[PDB]
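Trainee: Task: produce atomic coordinates for the following.
(one chain, ligands or ions: 1)
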Amino acid sequence: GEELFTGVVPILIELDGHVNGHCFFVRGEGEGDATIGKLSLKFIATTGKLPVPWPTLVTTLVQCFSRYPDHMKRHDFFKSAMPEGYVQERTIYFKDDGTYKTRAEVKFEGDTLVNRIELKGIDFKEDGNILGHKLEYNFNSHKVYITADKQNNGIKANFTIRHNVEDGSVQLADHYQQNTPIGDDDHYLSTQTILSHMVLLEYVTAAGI
Ligand SMILES: [Cu+2]
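Mentor: Numbering: from 1, shown residues only. Below is the structure:
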């Protein structure tokens with residue numbers, strides 16, 4: 001489980017998406033430190049111009065790289081599922097706006113960690129905040145309230161994300177998440193993200209006990 005996360009671990013992220021007739025593929029490459037809670041990644045859209053702003057995809061684009069304190073070692077589901085891996089299912093509602101439905105798989109493939117993702121965008125208003133590209137190239141710090149799930153031997157997590165509209169307004173994005181381990185208590189993750197193709201740096205830790 002945590003045997004594999006001690007030290008630097010390379011990452012490969014793939015994502016296929018369909019949003020209002022526009023399809024796109026995004027590849028991500030980099031590394032991650034779970035002992036520190038770091039994530040340095042460089043995402044590239046292989047279909048040219050993305051029909052959707054990058055910051056909306058950040059949320060869906062690997063929660064086993066989040067830092068764990070030594071008193072929450074026994075609450076890190078993500079690392080325990082490894083190397084067998086878990087499925088990352090999520091639906092995302094943009095208030096007064098369109099919805100994502102996603103499914104993804106996180107596994108170890110060799111010495112590198114691999115995350116392939118499926119994405120489907122529905123009911124998005126054109127010239128909106130999403131299809132109009134009216135969201136700023138930034139991402140704030142959020143709480144990710146994780147809850148245990150004995151019905152599916154896995155994890156659920158609810159949270160909503162404030163995207164910053166260029167008018168000074170705020171676009172909300174509700175997240176319902178489910179995670180199920182392939183094979184065989186209420187805490188939360190505080191995150192922090194900087195947008196700098198697309199480059200990212202993140203620091204995420206576990207708190208609430
Ligand atoms: Cu499709």
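Trainee: quick one: residue 178 is in a strand?
Mentor: Yes: assessed by DSSP: H, G, I helix; E, B strand; the rest coil, residue 178 belongs to a strand.
Trainee: can you give me the strands in this structure?
Mentor: Assigned by DSSP state E, the chain shows strands spanning 9-19, 22-33, 38-45, 86-93, 99-109, 112-122, 143-149, 154-164, 170-181, 187-190, 193-195, 198-203, 205-207.
Trainee: okay, those in JSON lines with mean neighbour count and distance to residue 61 next?
Mentor: Placement of C-beta: from N, CA and C, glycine included. Conversion of the strands of the chain to JSON lines gives the following (neighbours: other Cβ atoms under 10 Å; distance: least, Cβ to Cβ, whole Å):
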{"stretch": "strand 9-19", "mean neighbour count": "18", "distance to residue 61": "6"}
{"stretch": "strand 22-33", "mean neighbour count": "17", "distance to residue 61": "6"}
{"stretch": "strand 38-45", "mean neighbour count": "17", "distance to residue 61": "6"}
{"stretch": "strand 86-93", "mean neighbour count": "19", "distance to residue 61": "11"}
{"stretch": "strand 99-109", "mean neighbour count": "17", "distance to residue 61": "9"}
{"stretch": "strand 112-122", "mean neighbour count": "18", "distance to residue 61": "7"}
{"stretch": "strand 143-149", "mean neighbour count": "17", "distance to residue 61": "15"}
{"stretch": "strand 154-164", "mean neighbour count": "17", "distance to residue 61": "13"}
{"stretch": "strand 170-181", "mean neighbour count": "18", "distance to residue 61": "13"}
{"stretch": "strand 187-190", "mean neighbour count": "18", "distance to residue 61": "16"}
{"stretch": "strand 193-195", "mean neighbour count": "14", "distance to residue 61": "11"}
{"stretch": "strand 198-203", "mean neighbour count": "17", "distance to residue 61": "8"}
{"stretch": "strand 205-207", "mean neighbour count": "16", "distance to residue 61": "19"}
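Trainee: and residue 73, which of these is closest to it?
Mentor: Each of the strands of the chain has some distance to residue 73 by Cβ to Cβ; the shortest is strand 205-207, at 9.8 Å.
Trainee: and residue 139, what does it touch?
Mentor: Counting by Cβ atoms under 8 Å, 6 or more residues apart in numbering, residue 139 touches 55, 58, 161, 163, 193-195.
Trainee: And for residue 38?
Mentor: Residue 38 is in contact with 32, 65, 201-203, counting by Cβ under 8 Å, 6+ apart.
Trainee: so which of these comes closest to residue 183?
Mentor: residue 65 (20.2 Å).
Trainee: what about the residue nearest to the closest one when sequence neighbours are not counted, distance to residue 21?
Mentor: Take residue 65 and drop its neighbours on the chain: the residue closest to it by Cβ to Cβ, 6 or more residues apart in numbering is residue 32, 3.9 Å away. Distance of residue 32 to residue 21, computed by Cβ to Cβ, to the nearest Å: 34 Å.
Trainee: that older thread, switch the strands of the chain over to TSV; also include distance to residue 134.
Mentor: As requested, those are exported to TSV (distance: least, Cβ to Cβ, whole Å):
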stretch	distance to residue 134
strand 9-19	15
strand 22-33	16
strand 38-45	19
strand 86-93	18
strand 99-109	17
strand 112-122	16
strand 143-149	25
strand 154-164	10
strand 170-181	8
strand 187-190	27
strand 193-195	16
strand 198-203	18
strand 205-207	32
